[PDB]
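Reviewing the structure listed below.
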Amino acid sequence: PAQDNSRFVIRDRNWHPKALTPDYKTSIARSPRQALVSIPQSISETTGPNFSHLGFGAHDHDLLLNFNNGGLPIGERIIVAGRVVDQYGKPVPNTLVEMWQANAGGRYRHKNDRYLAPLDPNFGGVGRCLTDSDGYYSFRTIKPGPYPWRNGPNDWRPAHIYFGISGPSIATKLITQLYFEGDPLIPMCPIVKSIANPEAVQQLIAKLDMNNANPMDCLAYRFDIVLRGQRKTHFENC
Amino acid sequence: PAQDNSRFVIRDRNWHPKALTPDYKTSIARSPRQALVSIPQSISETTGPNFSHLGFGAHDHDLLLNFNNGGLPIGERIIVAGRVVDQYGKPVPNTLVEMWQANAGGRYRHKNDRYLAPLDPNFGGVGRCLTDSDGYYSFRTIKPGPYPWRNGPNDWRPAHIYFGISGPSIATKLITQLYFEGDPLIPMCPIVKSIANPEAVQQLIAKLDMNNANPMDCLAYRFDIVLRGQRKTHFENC
Amino acid sequence: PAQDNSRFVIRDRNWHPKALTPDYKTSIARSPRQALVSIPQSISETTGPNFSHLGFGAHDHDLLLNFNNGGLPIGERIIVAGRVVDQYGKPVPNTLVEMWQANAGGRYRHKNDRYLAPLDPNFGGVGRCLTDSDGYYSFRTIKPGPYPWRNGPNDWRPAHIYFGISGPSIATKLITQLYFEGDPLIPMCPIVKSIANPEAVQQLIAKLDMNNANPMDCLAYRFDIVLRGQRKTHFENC
Amino acid sequence: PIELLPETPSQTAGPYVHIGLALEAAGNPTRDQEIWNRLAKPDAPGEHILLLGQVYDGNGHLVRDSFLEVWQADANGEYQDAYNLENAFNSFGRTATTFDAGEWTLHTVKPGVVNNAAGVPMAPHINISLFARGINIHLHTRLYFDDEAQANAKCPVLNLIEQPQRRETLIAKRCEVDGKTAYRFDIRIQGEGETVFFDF
Amino acid sequence: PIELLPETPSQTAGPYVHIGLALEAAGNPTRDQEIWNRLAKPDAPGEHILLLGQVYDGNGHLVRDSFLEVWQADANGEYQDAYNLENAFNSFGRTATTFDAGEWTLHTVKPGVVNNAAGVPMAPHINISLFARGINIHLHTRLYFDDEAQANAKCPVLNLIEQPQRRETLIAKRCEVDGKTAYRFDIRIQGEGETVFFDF
Amino acid sequence: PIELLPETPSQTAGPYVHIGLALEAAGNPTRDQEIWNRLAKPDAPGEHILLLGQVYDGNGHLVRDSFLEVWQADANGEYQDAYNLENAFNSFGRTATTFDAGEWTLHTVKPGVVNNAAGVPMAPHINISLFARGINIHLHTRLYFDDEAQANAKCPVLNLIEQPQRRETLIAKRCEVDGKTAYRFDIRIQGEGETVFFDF
Amino acid sequence: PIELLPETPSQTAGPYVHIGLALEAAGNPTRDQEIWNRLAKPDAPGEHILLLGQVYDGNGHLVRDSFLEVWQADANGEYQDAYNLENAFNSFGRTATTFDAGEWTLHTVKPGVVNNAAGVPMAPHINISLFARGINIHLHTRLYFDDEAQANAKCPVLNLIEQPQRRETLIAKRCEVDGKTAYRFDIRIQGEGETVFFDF
Ligand SMILES: [Cl-]
Ligand SMILES: [Fe+3]
Ligand SMILES: [Fe+3]
Ligand SMILES: [Fe+3]
Ligand SMILES: [Fe+3]
């Protein structure tokens, strides 16, 4: 079974977005009004699932092939790759990275999305990957389009891909959104701006990575992910 | 008896900390949600107690001797001294300055403090002094230690001494906290940060004062306190 | 037995303090007036003791428990931790780090210290640790207080802990003093100022390390130590 | 514009305020003279009364660590500022709520009427300043009395509160504690029935 | 002070979280292996229980787009991190609220007692992380059991919640559903009855 | 040019060095194992000798707070680096001068000859590092023996000292302490007869 | 930290200090009242003594341009600050070394015992400040008496001088000059026998 042998650097909740960020209208009614209650790390918080033996399909990381209905999806072919490390710079190997996104026109494959940009019959927008022994992941996909949403009267999400990362414990688990280098919608977005610190916003922006591109084939973007620093316990209960 | 013969400069409540400072968690439920109601100064507000006739004990200002149980307290011997003036620079003589603090390890002599840093059998942590005819006060004490508190999961108060000052009226009365020059915990503290203006924070930092030290004996820190400016009434009821 | 298989980068004796630093009065009569004589590295200088087989006690690195006379010491509970590397950035594993200090009030447990700040019956002020396989050490202690000394008529040492580090050879062995981030006494101290280069002084200042603290328990400071760079011999006697 | 020296900024009095300002309430030994909650010796002129109350946060929960300072006229409408434990009456006092005693008390006399600066009578009142953990700058209020309805309705300070409903939060309720005249003044810092707080 | 690399900042999981993390709940095709809401197969040791709940916003309205992750000890009080769909028991699972099904469900066993880092037993609990559109960083809570009153009273985690009335928000209510033991654990993100959320 | 990480700068060991590095000399309780001044057990090979000396400042006054570390070959010219209190011989040791004992002592064997890096024999020597209050960076020297005159005259290290008169400062004088073979090595930090100090 | 106005920096008194501060010694006309070297008139209480000395530089050569100021208690151990040429005793005086007279003299009484700030008696002493060309800031010393050996041994000021051999530099030597009690106090600014100088 799992053991309590590590501790994780406390989160900076002024680096992350706060709960109540009223320009993002849905946060107004979905933000707790009482303070969070701090509790000490125990085995409950410092352990979590290891997905090394979850059985992945051959195309689970390849969105150009994992919704194949007779053709390739339309849109900008890209590799999205990066490394998962902790705050001490230690790689996080054999960790679950899940991702999902809209298609090239900003349309999601969900019944609730009624945006008039059409679905792509060869695109589903869902991927997963276990990081390798050195902490690296990669997906192949098409670059998602921006799309409008019912926040302010002319609000548009920048192109983005959702990421979920498990990491070593339930204390490290994170969901975030990846944005794309140069996108002029980024500074305008009330969801991006839920993050108060401009330097934190920069950490969510994937950089064009020509070095990792397949010439005559696909471009590539790099998105590294940093999870809470993990250390050994020291001088506890003595 | 007291008379109404003066007026006090209105407080700048953007210089003081605001009521609701949610990073300091206890403030969330203990801050009024209605606006303060402004009222004009009358005799009720422009008078207050004078403590010239309160009987002080010989050691009331000397925390190295006022809790004597067989020895000296352990810790950094310091004088804390300064001047109380108003905003016009006028000294505030014969005014009550009260102070209290934790011991060298950050432990308070109160039943509710269960921090594992031990009590000091020769330290109580309480002092009082009436300013002299020129507005000056002084205490002798040990430098308090920082200590952890149940705010965020790894929050620590910088070393501090609480001060209460009466001044000429109930309109001038103030409680604040003195912090110490160079303490790296100051910029991190949500209670310090209840004060929005960085310059206001600097007014709470006592400076090392070598000129006032007793060589081979104790260091000294200087903490000057500024109360609301007092003026005569003019052109009222005409 | 030991062999001569390495060479050590020559010391920069303008980075270290010079011998004669007259503001530090004792140095005047204890500094050689003749030049040091340079000699080439031989087995005598490039070897030294390794302490892997020295028997350490369970509490040798824990000053909160290694002088236990019925209670905990009074004062600021801290971890002091860091890494020993050489100038090439290589960790120095299995190396002896020794440390000693005054108590929370600046009083040393030695007959010659007659400062009026009291001894702490539960504090001895001595520790030792062998670096781990990655070069890391750690101690648990209380933060020492500053104290006056008979140099100039009002001179005070900043809070400090003495460190001795063996390293791979007698050529690398070093004693230094660790000071604490933000201490306003540091720029005033003639012993600190024996070091001419301000950047060299900064290398002796331990940084507050919240990431390594035990919440609700003890703070932490980080002090990394750099020993002379070690290289293989090359092109000698040919 | 003319800018004076800035006032020293306020900070919370914190959870251990009692060790410095309410020694007996802190369960610690007292000094020879302490500033506390008995404003009137039994021989003081006027109607001797007990004041008591509880302090609530925005969740309706008791504040069990508050510290209160009061300032009131004597029965003759005089502010007695020369503080002295030997005085028949002191216009100033202190009280607290604690883990053991969640309800503060003060022993005093009913204050006489004083005029505002324009010469208009104010209804009988006690000026109160409230300090506690979670309170960054102390809160000012006034305690008026429910058996002074005529005076209260004409008070130039009460009439600065725009809503009649909010004026009611400042009116203490006459009752009896162990058969003696008392007035209860509960304070609600936040939310439903929030007590009026002043700036001056 | 020492500043490490900053953590990647959180963002909301958004309205379509189910397409990526709850495929069946999204009404979309599943892959061969999915992480879902059956932590225990029929044969697993321990007391088999159904858990269910609804999630409410600050206006008391149902949240129909939530995603929940749970982490719990086995019946013997041991966390099982080796996630495998062949296991009779996994300590981790996922569930969701959707437009078609506003009430999430989990099929599990009651967790055994686990000690805190100081060696003090915690009452039986399930760790929960809550994600949804409008939630910028996920909310942590614990589900405890109303038939563990004695253990709950002594839980060192529950006892860090200052107010008794707030501790009650973490206690799931036992019932029967089709003759099988069940507990309801409703979550109120904001306002009256607001669920306690943790930081660690 | 290539600039590496700078070395941590030295500071004086200070007046209380003994509390950290010479516990018995400090008059404080010792730990189970201490690094001290008896390099050789009685069964160690070679000629057993006492070394002793006093340390003088530039005014000719005793240094009564010095701390010395020594490093020498065993009698077979081998450096024994695996420090262990159970060893017959340790190449490393420590000694001190104190207020009570102004003269340091070391119990060892006469070191055998070792070659320099060019293969040239060095005369028998003990490497010494001297620490104290007033000494900002420790001083390196070597102790050679007056009964090894032929070897000393050919030592490639001694021959790097330009003046014969200064070479003499490194030659310890054979004597007898309580009838046993000893060598005295006095150190003069500054001035007349200043001891040669090395850099390497 | 707190930084006050800096003190005006010292400079050397230069070669012509006597024209401004020792007019008679300068060979120049005096004013009606001068501050000079007769601290005691014949009738003053106490033991009348002549003090004399020479001042030497670091090459052992006479300093023939020195200016000295002295401050001492009366025979009863009290400092007399009200300087007046009509007084039988003044605690302050001046003297000098010149080209014509290389040996300074003072006519005074032996000072009484004065306690330090801790209440510990200091041995009889005269405070001296020494000025001259080449001296950038004046040198402070004390003249004690060789016939006060018991008091000197216990003086808390003398005992701050670490070395016994340096304490001897402050002890003036009793003699007779024309049948009158005298003491010689020579000062050596630098080198062998260098006089102890104080900072306070
Ligand atoms: Cl790498
Ligand atoms: Fe506080
Ligand atoms: Fe979204
Ligand atoms: Fe030192
Ligand atoms: Fe000149």
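In the structure tokens, chains take the letters A, B, ... in the order shown, each chain's residues start at 1, and ligands count up from 1 in the order shown.
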
field: Contacts of residue 109 in chain G within 6 Å, only C-alpha atoms, excl. fewer than 2 positions in-chain, as an NGL selection string
entry: :G and (46-49)

Write a file of the just-selected residues containing N, CA, C and O atoms, as a PDB file, in the first residue's frame.
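So selection35.pdb came out as:
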```pdb
ATOM      1  N   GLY G  46      45.149  68.125  50.096  1.00  0.00           N
ATOM      2  CA  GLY G  46      45.687  66.934  49.439  1.00  0.00           C
ATOM      3  C   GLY G  46      47.196  66.912  49.355  1.00  0.00           C
ATOM      4  O   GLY G  46      47.870  67.834  49.824  1.00  0.00           O
ATOM      5  N   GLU G  47      47.730  65.849  48.766  1.00  0.00           N
ATOM      6  CA  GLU G  47      49.166  65.683  48.633  1.00  0.00           C
ATOM      7  C   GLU G  47      49.660  66.390  47.370  1.00  0.00           C
ATOM      8  O   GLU G  47      49.341  65.962  46.246  1.00  0.00           O
ATOM      9  N   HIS G  48      50.430  67.467  47.548  1.00  0.00           N
ATOM     10  CA  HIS G  48      50.943  68.213  46.401  1.00  0.00           C
ATOM     11  C   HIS G  48      52.059  67.462  45.691  1.00  0.00           C
ATOM     12  O   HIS G  48      53.026  66.997  46.321  1.00  0.00           O
ATOM     13  N   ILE G  49      51.898  67.318  44.374  1.00  0.00           N
ATOM     14  CA  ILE G  49      52.818  66.546  43.565  1.00  0.00           C
ATOM     15  C   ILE G  49      53.180  67.256  42.270  1.00  0.00           C
ATOM     16  O   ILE G  49      52.386  68.036  41.714  1.00  0.00           O
TER      17      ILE G  49
END
```

- request: Within 8 Å of ligand 4, which residues show up when you count only C-alpha atoms and all ligand atoms? List them as an MDAnalysis selection string, please.
  value: (chainID C and resid 157 177 191) or (chainID F and resid 11:16 133)

Please write the residues from the selection above to a file, keeping C-alpha atoms, as a short mmCIF file (atom, residue, chain, number, x, y, z; two decimals), in the first residue's frame.
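The resulting selection04.cif:
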```cif
data_model
loop_
_atom_site.label_atom_id
_atom_site.label_comp_id
_atom_site.auth_asym_id
_atom_site.auth_seq_id
_atom_site.Cartn_x
_atom_site.Cartn_y
_atom_site.Cartn_z
CA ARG C 157 28.13 40.41 16.57
CA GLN C 177 30.30 31.90 10.01
CA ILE C 191 34.47 40.60 11.48
CA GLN F 11 35.85 33.62 8.91
CA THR F 12 37.63 33.38 12.24
CA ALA F 13 36.86 30.29 14.35
CA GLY F 14 36.36 32.73 17.28
CA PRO F 15 37.09 32.47 21.03
CA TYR F 16 34.63 29.60 21.58
CA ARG F 133 40.24 34.27 17.43
#
```

Least-squares superpose chain C on chain A across all ordered C-alpha pairs, then write out what you get as a short mmCIF file (atom, residue, chain, number, x, y, z; two decimals) with C-alpha atoms, in the first residue's frame.
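Listing of result_20.cif after writing:
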```
data_model
loop_
_atom_site.label_atom_id
_atom_site.label_comp_id
_atom_site.auth_asym_id
_atom_site.auth_seq_id
_atom_site.Cartn_x
_atom_site.Cartn_y
_atom_site.Cartn_z
CA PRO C 1 -0.19 -0.02 -0.57
CA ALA C 2 0.74 3.68 -0.38
CA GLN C 3 2.76 5.21 2.45
CA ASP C 4 3.20 8.69 3.90
CA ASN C 5 6.84 9.50 3.18
CA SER C 6 6.85 12.99 1.70
CA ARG C 7 5.61 16.52 2.08
CA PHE C 8 4.53 19.02 -0.57
CA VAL C 9 5.37 22.73 -0.71
CA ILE C 10 2.31 24.74 0.31
CA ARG C 11 0.45 26.31 -2.62
CA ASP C 12 0.65 30.00 -3.32
CA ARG C 13 -3.03 30.89 -3.68
CA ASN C 14 -2.10 34.40 -4.84
CA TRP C 15 -0.19 32.84 -7.76
CA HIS C 16 -3.12 30.58 -8.65
CA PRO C 17 -6.35 32.42 -9.55
CA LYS C 18 -8.54 33.30 -6.54
CA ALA C 19 -12.02 31.82 -6.26
CA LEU C 20 -13.97 35.06 -6.71
CA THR C 21 -13.07 36.77 -10.00
CA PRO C 22 -16.34 38.52 -10.92
CA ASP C 23 -15.36 39.49 -14.50
CA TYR C 24 -15.58 35.73 -15.05
CA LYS C 25 -19.32 35.70 -14.29
CA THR C 26 -19.86 32.05 -13.33
CA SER C 27 -17.27 32.40 -10.56
CA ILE C 28 -19.55 34.79 -8.63
CA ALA C 29 -21.97 32.08 -7.44
CA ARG C 30 -19.42 29.22 -7.42
CA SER C 31 -16.83 30.69 -5.03
CA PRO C 32 -16.83 29.89 -1.31
CA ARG C 33 -17.34 32.91 0.94
CA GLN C 34 -15.77 31.27 4.01
CA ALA C 35 -12.02 30.91 4.31
CA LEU C 36 -10.45 27.59 3.40
CA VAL C 37 -9.51 25.56 6.49
CA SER C 38 -5.81 24.66 6.58
CA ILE C 39 -5.02 21.06 7.57
CA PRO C 40 -1.65 19.33 8.04
CA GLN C 41 -0.42 16.81 5.48
CA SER C 42 -1.26 13.20 6.38
CA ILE C 43 -1.25 9.99 4.36
CA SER C 44 -4.66 11.04 3.01
CA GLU C 45 -3.16 14.04 1.18
CA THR C 46 0.43 12.93 0.42
CA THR C 47 -0.58 9.78 -1.50
CA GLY C 48 -2.60 9.38 -4.69
CA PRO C 49 -3.20 7.07 -7.62
CA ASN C 50 -0.43 5.94 -9.94
CA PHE C 51 -1.55 4.99 -13.43
CA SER C 52 1.33 2.77 -14.59
CA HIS C 53 -1.11 -0.16 -14.80
CA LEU C 54 -3.91 1.62 -16.67
CA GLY C 55 -4.25 0.15 -20.18
CA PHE C 56 -3.69 2.84 -22.80
CA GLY C 57 -4.78 2.37 -26.42
CA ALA C 58 -2.28 2.80 -29.22
CA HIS C 59 -3.76 6.13 -30.34
CA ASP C 60 -4.74 7.57 -26.93
CA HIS C 61 -2.20 10.41 -27.32
CA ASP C 62 -2.87 10.96 -31.06
CA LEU C 63 -5.95 13.09 -31.79
CA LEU C 64 -5.32 12.90 -35.55
CA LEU C 65 -6.07 9.14 -35.41
CA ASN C 66 -8.13 8.47 -32.30
CA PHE C 67 -11.46 9.63 -33.80
CA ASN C 68 -10.95 8.19 -37.28
CA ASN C 69 -14.12 8.19 -39.40
CA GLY C 70 -12.57 8.00 -42.88
CA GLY C 71 -10.13 10.89 -42.94
CA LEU C 72 -7.77 13.28 -41.19
CA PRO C 73 -9.15 16.19 -39.13
CA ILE C 74 -9.07 19.63 -40.80
CA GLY C 75 -6.74 22.15 -39.16
CA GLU C 76 -3.19 23.01 -38.09
CA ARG C 77 -1.30 19.77 -37.42
CA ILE C 78 0.74 20.15 -34.20
CA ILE C 79 2.67 18.21 -31.63
CA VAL C 80 2.16 19.45 -28.07
CA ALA C 81 5.02 18.19 -25.91
CA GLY C 82 6.77 19.02 -22.68
CA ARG C 83 8.07 17.85 -19.34
CA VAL C 84 6.39 17.54 -15.96
CA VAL C 85 8.72 18.51 -13.09
CA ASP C 86 8.20 19.61 -9.51
CA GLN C 87 9.22 22.94 -7.98
CA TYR C 88 12.66 21.54 -7.06
CA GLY C 89 13.16 20.75 -10.78
CA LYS C 90 12.77 16.98 -10.29
CA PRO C 91 11.08 15.16 -13.17
CA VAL C 92 7.70 13.50 -12.50
CA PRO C 93 7.85 10.14 -14.34
CA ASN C 94 4.97 7.74 -15.01
CA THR C 95 2.32 10.40 -14.31
CA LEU C 96 -1.06 10.79 -16.01
CA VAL C 97 -1.49 13.75 -18.35
CA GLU C 98 -4.99 14.12 -19.80
CA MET C 99 -6.05 16.74 -22.31
CA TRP C 100 -9.14 17.86 -24.23
CA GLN C 101 -10.10 20.63 -26.64
CA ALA C 102 -12.38 22.06 -29.29
CA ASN C 103 -11.76 21.48 -33.01
CA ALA C 104 -10.12 23.91 -35.50
CA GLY C 105 -13.26 26.12 -35.53
CA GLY C 106 -13.72 26.28 -31.73
CA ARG C 107 -16.51 23.65 -31.59
CA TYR C 108 -16.51 20.95 -28.85
CA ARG C 109 -17.83 17.45 -29.35
CA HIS C 110 -20.45 17.77 -26.61
CA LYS C 111 -24.26 18.05 -26.87
CA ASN C 112 -24.29 21.35 -24.94
CA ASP C 113 -22.05 23.14 -27.47
CA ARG C 114 -24.37 24.73 -30.06
CA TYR C 115 -21.86 27.15 -31.62
CA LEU C 116 -22.54 27.41 -35.36
CA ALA C 117 -18.95 26.46 -36.30
CA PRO C 118 -19.27 22.87 -37.52
CA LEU C 119 -18.08 19.66 -35.93
CA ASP C 120 -15.24 17.87 -37.71
CA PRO C 121 -16.28 14.24 -38.46
CA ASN C 122 -12.66 13.11 -37.92
CA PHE C 123 -11.94 14.97 -34.66
CA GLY C 124 -12.95 14.04 -31.09
CA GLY C 125 -10.63 16.36 -29.11
CA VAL C 126 -9.55 14.00 -26.29
CA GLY C 127 -6.11 12.63 -25.38
CA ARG C 128 -4.07 11.02 -22.57
CA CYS C 129 -0.45 10.03 -22.05
CA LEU C 130 1.65 8.70 -19.17
CA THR C 131 4.95 10.68 -18.80
CA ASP C 132 8.08 8.67 -19.57
CA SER C 133 10.88 7.80 -17.13
CA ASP C 134 12.30 11.32 -17.65
CA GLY C 135 9.01 13.22 -17.14
CA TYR C 136 8.19 13.86 -20.83
CA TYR C 137 4.81 13.62 -22.59
CA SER C 138 3.60 14.32 -26.13
CA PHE C 139 0.32 14.52 -28.05
CA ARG C 140 -0.41 15.03 -31.71
CA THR C 141 -3.45 17.12 -32.49
CA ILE C 142 -4.85 20.04 -34.46
CA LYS C 143 -4.63 23.56 -33.06
CA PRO C 144 -8.03 24.43 -31.47
CA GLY C 145 -9.83 27.59 -32.61
CA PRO C 146 -11.01 30.41 -30.35
CA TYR C 147 -14.76 30.62 -29.70
CA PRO C 148 -17.38 33.00 -28.27
CA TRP C 149 -19.01 32.45 -24.89
CA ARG C 150 -21.82 33.99 -22.88
CA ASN C 151 -19.81 36.07 -20.45
CA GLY C 152 -19.66 39.74 -21.52
CA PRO C 153 -21.54 40.60 -24.74
CA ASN C 154 -18.43 40.08 -27.02
CA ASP C 155 -16.18 37.69 -25.11
CA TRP C 156 -14.05 35.08 -26.87
CA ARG C 157 -11.82 32.36 -25.42
CA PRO C 158 -8.30 32.35 -26.85
CA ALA C 159 -7.36 29.05 -28.50
CA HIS C 160 -6.69 26.61 -25.63
CA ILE C 161 -6.24 22.95 -24.61
CA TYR C 162 -7.34 21.74 -21.14
CA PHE C 163 -4.71 19.77 -19.18
CA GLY C 164 -5.12 17.55 -16.15
CA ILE C 165 -2.03 16.16 -14.41
CA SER C 166 -2.15 13.65 -11.52
CA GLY C 167 1.39 13.85 -10.10
CA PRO C 168 2.55 11.92 -7.03
CA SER C 169 -0.42 12.73 -4.78
CA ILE C 170 -3.89 14.22 -4.55
CA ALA C 171 -2.06 17.29 -3.19
CA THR C 172 -0.30 17.73 -6.56
CA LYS C 173 -3.22 17.08 -8.90
CA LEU C 174 -3.96 20.07 -11.16
CA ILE C 175 -6.21 21.12 -14.01
CA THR C 176 -5.15 24.11 -16.13
CA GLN C 177 -5.46 25.54 -19.65
CA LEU C 178 -2.65 25.82 -22.21
CA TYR C 179 -2.72 28.94 -24.47
CA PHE C 180 -0.61 29.62 -27.57
CA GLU C 181 2.32 31.99 -28.09
CA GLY C 182 1.30 35.43 -29.42
CA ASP C 183 -2.50 34.96 -29.35
CA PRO C 184 -3.94 38.49 -29.13
CA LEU C 185 -7.02 37.15 -27.32
CA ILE C 186 -5.02 36.15 -24.22
CA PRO C 187 -4.76 39.62 -22.60
CA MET C 188 -8.49 40.17 -23.15
CA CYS C 189 -9.82 36.99 -21.55
CA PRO C 190 -11.51 37.19 -18.09
CA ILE C 191 -10.66 33.51 -17.45
CA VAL C 192 -6.95 34.13 -18.14
CA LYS C 193 -7.30 37.28 -16.02
CA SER C 194 -8.62 35.20 -13.07
CA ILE C 195 -4.81 34.90 -12.56
CA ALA C 196 -3.78 38.24 -11.01
CA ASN C 197 0.00 37.96 -11.61
CA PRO C 198 1.09 38.56 -15.26
CA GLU C 199 4.13 36.27 -14.77
CA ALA C 200 1.81 33.41 -13.72
CA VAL C 201 -0.19 33.96 -16.92
CA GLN C 202 3.05 33.53 -18.94
CA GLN C 203 3.53 30.05 -17.46
CA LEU C 204 0.35 28.95 -19.28
CA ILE C 205 1.54 30.04 -22.74
CA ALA C 206 2.95 27.24 -24.86
CA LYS C 207 5.89 28.31 -27.05
CA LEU C 208 6.30 27.52 -30.72
CA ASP C 209 8.98 24.79 -30.84
CA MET C 210 10.47 24.51 -34.34
CA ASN C 211 13.20 22.15 -33.08
CA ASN C 212 10.54 19.53 -32.38
CA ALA C 213 8.52 19.96 -35.60
CA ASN C 214 8.27 17.25 -38.27
CA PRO C 215 9.38 19.05 -41.44
CA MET C 216 6.77 19.02 -44.25
CA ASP C 217 4.32 17.54 -41.73
CA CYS C 218 3.47 19.22 -38.41
CA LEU C 219 4.55 22.11 -36.20
CA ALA C 220 5.22 21.69 -32.46
CA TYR C 221 4.52 23.61 -29.28
CA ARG C 222 6.26 23.14 -25.91
CA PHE C 223 4.35 23.23 -22.59
CA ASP C 224 6.25 22.38 -19.41
CA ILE C 225 4.25 21.81 -16.26
CA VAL C 226 5.49 22.42 -12.71
CA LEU C 227 3.82 20.56 -9.81
CA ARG C 228 4.28 21.24 -6.10
CA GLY C 229 7.75 20.54 -4.80
CA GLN C 230 8.09 17.19 -3.01
CA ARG C 231 10.51 16.64 -0.10
CA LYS C 232 11.15 13.98 2.54
CA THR C 233 9.74 14.50 6.00
CA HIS C 234 12.19 15.81 8.58
CA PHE C 235 12.17 16.27 12.36
CA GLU C 236 8.48 15.32 12.76
CA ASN C 237 7.01 14.07 16.10
CA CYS C 238 10.28 14.89 17.93
#
```

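Counting only C-alpha atoms, residue 71 in chain G has the following residues at most 8 Å away, ignoring those fewer than 2 positions along the same chain: residues 69, 73, 91, 92, 93, 126, 127 and 128 of chain G.
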
query: Which residues come within 6 Å of residue 129 in chain F, counting only C-alpha atoms, excluding same-chain residues fewer than 2 positions away, as a ChimeraX atom specification?
result: /F:68-69,139-140

Those residues you just picked out, can you put them in a file as an mmCIF file, in the first residue's frame with N, CA and C atoms?
```cif
data_model
loop_
_atom_site.group_PDB
_atom_site.id
_atom_site.type_symbol
_atom_site.label_atom_id
_atom_site.label_comp_id
_atom_site.auth_asym_id
_atom_site.auth_seq_id
_atom_site.Cartn_x
_atom_site.Cartn_y
_atom_site.Cartn_z
ATOM 1 N N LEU F 68 44.168 23.492 16.654
ATOM 2 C CA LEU F 68 45.085 22.971 15.620
ATOM 3 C C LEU F 68 44.582 21.654 15.062
ATOM 4 N N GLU F 69 44.711 21.479 13.749
ATOM 5 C CA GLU F 69 44.382 20.208 13.104
ATOM 6 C C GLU F 69 45.657 19.710 12.434
ATOM 7 N N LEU F 139 45.982 29.263 9.159
ATOM 8 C CA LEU F 139 47.373 29.301 8.717
ATOM 9 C C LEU F 139 47.902 27.881 8.562
ATOM 10 N N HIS F 140 48.491 27.594 7.411
ATOM 11 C CA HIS F 140 49.046 26.269 7.150
ATOM 12 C C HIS F 140 50.524 26.294 7.470
#
```

message: as a ChimeraX atom specification, please: every residue in range 3-187 of chain A that DSSP puts in strand (DSSP E or B).
response: /A:6-8,37-38,50,62,77-86,91,96-100,126-130,136-142,147-149,155-157,160-165,174-180

query: chain D: which residues are alpha helix (DSSP H) by DSSP, as a PyMOL selection string?
result: chain D and resi 17-21+149-153+164-167

message: Please check the contacts: residues of chain D at most 12 Å away from chain E, using only C-alpha atoms, listed as an MDAnalysis selection string.
response: chainID D and resid 57:64

Got time to write the residues from that selection, C-alpha atoms, as a short mmCIF file (atom, residue, chain, number, x, y, z; two decimals), in the first residue's frame?
```cif
data_model
loop_
_atom_site.label_atom_id
_atom_site.label_comp_id
_atom_site.auth_asym_id
_atom_site.auth_seq_id
_atom_site.Cartn_x
_atom_site.Cartn_y
_atom_site.Cartn_z
CA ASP D 57 -19.48 37.58 13.89
CA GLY D 58 -21.04 37.46 10.41
CA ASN D 59 -21.86 33.78 10.82
CA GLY D 60 -23.87 34.46 14.00
CA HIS D 61 -21.14 32.95 16.20
CA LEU D 62 -19.86 34.41 19.46
CA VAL D 63 -16.67 36.46 19.48
CA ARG D 64 -14.91 35.01 22.53
#
```

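Straight-line separation from CA of residue 77 in chain G to CA of residue 185 in chain G: 20.8 Å.
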
field: Selection: 7 Å around range 41-45 of chain E, only C-alpha atoms, excl. self and same-chain fewer than 3 positions, as a PyMOL selection string
entry: chain E and resi 75+88-89

Could you turn the residues from that selection into a file that holds N, CA and C atoms, as a tab-separated table (two decimals), in the first residue's frame?
```
chain	number	residue	atom	x	y	z
E	75	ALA	N	-11.14	-0.96	3.25
E	75	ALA	CA	-11.81	-1.23	4.52
E	75	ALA	C	-10.83	-1.44	5.68
E	88	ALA	N	-9.94	-5.80	-7.18
E	88	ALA	CA	-11.25	-5.86	-6.53
E	88	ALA	C	-11.55	-4.49	-5.90
E	89	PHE	N	-10.50	-3.78	-5.50
E	89	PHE	CA	-10.65	-2.44	-4.92
E	89	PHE	C	-9.61	-1.46	-5.46
```
